[PDB]
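Trainee: The structure follows.
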Amino acid sequence: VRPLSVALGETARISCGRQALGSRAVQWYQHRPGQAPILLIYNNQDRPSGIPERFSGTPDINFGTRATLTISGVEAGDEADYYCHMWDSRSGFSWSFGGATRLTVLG
Amino acid sequence: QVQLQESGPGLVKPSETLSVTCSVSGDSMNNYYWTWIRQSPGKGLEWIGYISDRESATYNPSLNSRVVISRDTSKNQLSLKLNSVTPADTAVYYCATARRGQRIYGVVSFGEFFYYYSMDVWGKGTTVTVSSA
Ligand SMILES: *[C@@H]1O[C@H](CO)[C@@H](O[C@@H]2O[C@H](CO)[C@@H](O[C@@H]3O[C@H](CO[C@H]4O[C@H](CO[C@H]5O[C@H](CO)[C@@H](O)[C@H](O)[C@@H]5O)[C@@H](O)[C@H](O[C@H]5O[C@H](CO)[C@@H](O)[C@H](O)[C@@H]5O)[C@@H]4O)[C@@H](O)[C@H](O[C@H]4O[C@H](CO)[C@@H](O)[C@H](O)[C@@H]4O[C@H]4O[C@H](CO)[C@@H](O)[C@H](O)[C@@H]4O[C@H]4O[C@H](CO)[C@@H](O)[C@H](O)[C@@H]4O)[C@@H]3O)[C@H](O)[C@H]2NC(C)=O)[C@H](O)[C@H]1NC(C)=O
Ligand SMILES: *[C@@H]1O[C@H](CO)[C@@H](O)[C@H](O)[C@H]1NC(C)=O
């Protein structure tokens, strides 16, 4: 668990520990503690139906860029766990969800 | 839109079968993948296994195929049984649906593509545990 402390009204660019071993396709998940988990970003730029324009990702053009999650203006209700389901091309099937990253909002 | 509802026994003893049913309504199982995700209290999320329309009985490495996920298209549910459970397997179990989208980086004729899975619609989950009584 890697806690990231960001106060209210400030942006947060949360990455994950697994680096890009080639062409990647990450799936960001928001897991509220006890409630149902939800999807944030699939295919690194596509937003599903139910996510507004606050959670944005980075495209995979010109490989060498990192896989992160940009939250512009995080509200008070975004106190949950964030997962980086990294699917690269050279490491095969990734059954594990990775490190459970707990975002801590200050204030 | 699909609606996922789950229900289980809630309390198990060691060396038993933890069979939890996850029923769906609204849409059928024609083009909808099915999977189960577990998470122990104090631990992170853990994909234990998935099933497809071709009866893909593939499961997580930690699980080591000790669990079976069954997909019965007759009575429209998704069952997940856990034979020979351990007392250190207390977790809250979520069932979700997946999408087999392929990420193509090279050509498709050589096999330069991989399948990534997006668990879009989830369930609220049941909280099962291993107690003394
Ligand atoms: C010899 O012959 C062989 C065989 O003929 C040639 O082999 C070809 O080689 C190329 C190069 O490797 C392969 O290209 C890959 O193509 C995929 C295709 O996916 C997209 O393209 C489909 C149609 O494309 C056409 O239309 C679009 C406009 O719609 C146009 O832009 C394009 O030029 C073309 O004219 C779409 O239908 C498709 O949608 C489908 O897939 C979706 C999921 O992918 C699915 O959700 C849909 O429902 C639908 O089913 C899709 O749009 C490319 O994806 C891929 O390029 C990605 O990867 C490289 C390396 O990582 C990266 O640099 C690219 O930028 C691109 O990454 C983008 O896409 C990722 C996933 O889509 C995404 O995660 C990234 O973030 C990134 O997103 C960015 O771009 C998108 C727009 O694409 C934008 O929306 C985002 O905001 C962001 O900016 C490869 O290029 C060919 O497949 C292959 N041919 C065959 C038959 O296999 C060979 O080249 C020949 N050699 C010579 C010398 O001639
Ligand atoms: C490959 O190398 C060239 C120059 O050496 C560079 O311009 C290009 O971005 C590189 N592409 C990748 C995918 O690394």
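Each chain of the structure tokens is named A, B, ... in the order shown, its residues numbered from 1; ligands are numbered from 1 in display order.
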Which chains and residue numbers are within 9 Å of ligand 2, counting only C-alpha atoms and all ligand atoms, if I want them as a list in words?
Mentor: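 Those within range of ligand 2 are residues 22, 61, 62, 63 and 64 of chain A.
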Trainee: Please find the residues of chain A near chain B - the criterion being any atom within 7 Å, counting only C-alpha atoms - and write them as a count of residues only.
Mentor: 15
Trainee: Ranking A:56, A:49, A:44, A:94 by minimum distance to ligand 1 and counting only C-alpha atoms and all ligand atoms, which one comes first?
Mentor: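 Closest residue, counting only C-alpha atoms and all ligand atoms: A:44.
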Trainee: Using only C-alpha atoms and all ligand atoms, which of the listed residues (B:108, B:78, B:13, B:131) sits closest to ligand 1?
Mentor: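 Looking only at the distances to ligand 1, the closest residue turns out to be B:108.
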Trainee: I need the residue nearest ligand 1 from this list: B:26, B:9, B:111, B:42. Use only C-alpha atoms and all ligand atoms for the distance.
Mentor: B:111
Trainee: Could you name the residues that touch residue 66 in chain B at 9 Å or less, counting only C-alpha atoms, but leaving out those on the same chain fewer than 5 positions away, as a list in words?
Mentor: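 Using only C-alpha atoms, the neighbours found are residues 59, 82, 83, 84 and 85 of chain B.
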Trainee: Tell me, in Å to one decimal, how far atom 42 (C, counted along the ligand's line) of ligand 1 is from CA of residue 5 in chain B.
Mentor: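 Here the two named atoms are 29.3 Å from each other.
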Trainee: Identify, on the basis of only C-alpha atoms, every residue whose closest approach to residue 103 in chain A does not exceed 8 Å; exclude the query and any residue fewer than 6 positions from it along the same chain; express the result as JSON, numbers by chain.
Mentor: {"A": [3, 4, 5, 79, 80, 81, 82]}
Trainee: Using only C-alpha atoms, can you tell me which of B:65, B:133, B:77, B:39 comes closest to residue 31 in chain A?
Mentor: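 Checking each candidate against residue 31 in chain A, we get B:39 as the closest.
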Trainee: I'd like to know which of A:6, A:85, A:45, A:105 is closest to residue 60 in chain A, using only C-alpha atoms.
Mentor: A:45
Trainee: Find the residue from A:91, A:43, A:72, A:65 that sits nearest to ligand 1; use only C-alpha atoms and all ligand atoms when measuring.
Mentor: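 Comparing A:91, A:43, A:72, A:65 against ligand 1, the winner is A:43.
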Trainee: How many Å lie between CA of residue 28 in chain B and CA of residue 32 in chain A, rounded to one decimal?
Mentor: 28.1 Å
Trainee: Using only C-alpha atoms, which protein or nucleic acid residues come within 10 Å of residue 76 in chain A? Drop anything in the same chain fewer than 4 positions from it, and give the result as a ChimeraX atom specification.
Mentor: /A:7-9,105-107
Trainee: Can you pull out every residue from chain B that DSSP, working from the backbone, puts in strand (DSSP E), and format the result as a ChimeraX atom specification?
Mentor: /B:3-7,11-12,20-25,34-39,45-51,58-59,67-72,77-82,91-96,100-104,113-117,126-130
Trainee: Store the residues picked out above, limited to C-alpha atoms, as a PDB file, in the first residue's frame.
Mentor:
```
ATOM      1  CA  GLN B   3     -28.053  -5.786 -12.893  1.00  0.00           C
ATOM      2  CA  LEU B   4     -25.902  -8.107 -10.776  1.00  0.00           C
ATOM      3  CA  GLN B   5     -27.236  -9.481  -7.483  1.00  0.00           C
ATOM      4  CA  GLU B   6     -25.369 -11.953  -5.273  1.00  0.00           C
ATOM      5  CA  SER B   7     -26.263 -14.082  -2.249  1.00  0.00           C
ATOM      6  CA  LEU B  11     -20.752 -18.446   7.548  1.00  0.00           C
ATOM      7  CA  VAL B  12     -18.570 -21.460   6.713  1.00  0.00           C
ATOM      8  CA  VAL B  20     -22.299 -18.304  -3.745  1.00  0.00           C
ATOM      9  CA  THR B  21     -24.859 -17.552  -6.473  1.00  0.00           C
ATOM     10  CA  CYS B  22     -24.649 -14.346  -8.551  1.00  0.00           C
ATOM     11  CA  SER B  23     -27.815 -13.844 -10.611  1.00  0.00           C
ATOM     12  CA  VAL B  24     -28.278 -11.380 -13.478  1.00  0.00           C
ATOM     13  CA  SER B  25     -31.418  -9.798 -14.967  1.00  0.00           C
ATOM     14  CA  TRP B  34     -18.396 -13.635 -16.180  1.00  0.00           C
ATOM     15  CA  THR B  35     -15.819 -13.626 -13.391  1.00  0.00           C
ATOM     16  CA  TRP B  36     -15.351 -13.460  -9.625  1.00  0.00           C
ATOM     17  CA  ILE B  37     -13.038 -11.202  -7.605  1.00  0.00           C
ATOM     18  CA  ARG B  38     -12.066 -11.798  -3.967  1.00  0.00           C
ATOM     19  CA  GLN B  39     -10.544  -9.455  -1.378  1.00  0.00           C
ATOM     20  CA  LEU B  45      -8.348  -7.266  -4.712  1.00  0.00           C
ATOM     21  CA  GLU B  46      -7.646 -10.721  -6.146  1.00  0.00           C
ATOM     22  CA  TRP B  47      -8.960 -12.091  -9.446  1.00  0.00           C
ATOM     23  CA  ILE B  48      -9.602 -15.763  -8.729  1.00  0.00           C
ATOM     24  CA  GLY B  49     -10.996 -16.845 -12.104  1.00  0.00           C
ATOM     25  CA  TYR B  50     -13.228 -16.135 -15.090  1.00  0.00           C
ATOM     26  CA  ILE B  51     -15.541 -18.014 -17.435  1.00  0.00           C
ATOM     27  CA  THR B  58      -9.277 -20.878 -16.224  1.00  0.00           C
ATOM     28  CA  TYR B  59      -8.361 -19.727 -12.718  1.00  0.00           C
ATOM     29  CA  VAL B  67     -12.260 -23.495  -7.219  1.00  0.00           C
ATOM     30  CA  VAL B  68     -14.847 -24.059  -9.964  1.00  0.00           C
ATOM     31  CA  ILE B  69     -16.915 -21.284 -11.534  1.00  0.00           C
ATOM     32  CA  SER B  70     -20.086 -22.638 -13.142  1.00  0.00           C
ATOM     33  CA  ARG B  71     -22.265 -20.853 -15.697  1.00  0.00           C
ATOM     34  CA  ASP B  72     -25.759 -22.330 -16.024  1.00  0.00           C
ATOM     35  CA  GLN B  77     -27.269 -17.308 -12.592  1.00  0.00           C
ATOM     36  CA  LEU B  78     -23.532 -17.621 -11.958  1.00  0.00           C
ATOM     37  CA  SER B  79     -22.407 -20.064  -9.270  1.00  0.00           C
ATOM     38  CA  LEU B  80     -18.947 -20.230  -7.686  1.00  0.00           C
ATOM     39  CA  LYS B  81     -18.136 -23.179  -5.411  1.00  0.00           C
ATOM     40  CA  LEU B  82     -15.067 -23.358  -3.147  1.00  0.00           C
ATOM     41  CA  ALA B  91     -12.779 -12.457   2.192  1.00  0.00           C
ATOM     42  CA  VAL B  92     -15.588 -10.418   0.640  1.00  0.00           C
ATOM     43  CA  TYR B  93     -16.444 -11.807  -2.797  1.00  0.00           C
ATOM     44  CA  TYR B  94     -17.551  -9.626  -5.724  1.00  0.00           C
ATOM     45  CA  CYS B  95     -18.928 -10.894  -9.043  1.00  0.00           C
ATOM     46  CA  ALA B  96     -18.585  -8.761 -12.176  1.00  0.00           C
ATOM     47  CA  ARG B 100     -12.646  -9.362 -24.084  1.00  0.00           C
ATOM     48  CA  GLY B 101     -11.221  -6.407 -25.974  1.00  0.00           C
ATOM     49  CA  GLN B 102      -7.988  -6.983 -27.856  1.00  0.00           C
ATOM     50  CA  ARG B 103      -5.095  -4.519 -27.952  1.00  0.00           C
ATOM     51  CA  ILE B 104      -3.399  -4.788 -31.342  1.00  0.00           C
ATOM     52  CA  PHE B 113      -1.986  -8.773 -29.973  1.00  0.00           C
ATOM     53  CA  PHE B 114      -3.192  -9.512 -26.459  1.00  0.00           C
ATOM     54  CA  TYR B 115      -6.588  -9.590 -24.770  1.00  0.00           C
ATOM     55  CA  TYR B 116      -7.272  -7.215 -21.877  1.00  0.00           C
ATOM     56  CA  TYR B 117     -10.354  -7.522 -19.673  1.00  0.00           C
ATOM     57  CA  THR B 126     -21.241 -10.685   0.107  1.00  0.00           C
ATOM     58  CA  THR B 127     -19.089 -10.836   3.244  1.00  0.00           C
ATOM     59  CA  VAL B 128     -18.319 -14.461   4.136  1.00  0.00           C
ATOM     60  CA  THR B 129     -16.010 -15.515   6.967  1.00  0.00           C
ATOM     61  CA  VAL B 130     -14.635 -18.522   8.844  1.00  0.00           C
TER      62      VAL B 130
END
```
Trainee: For CA of residue 48 in chain A and atom 80 (O, counted along the ligand's line) of ligand 1, determine how far apart the two atoms are, in Å to one decimal place.
Mentor: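 Between these atoms lies a distance of 16.3 Å.
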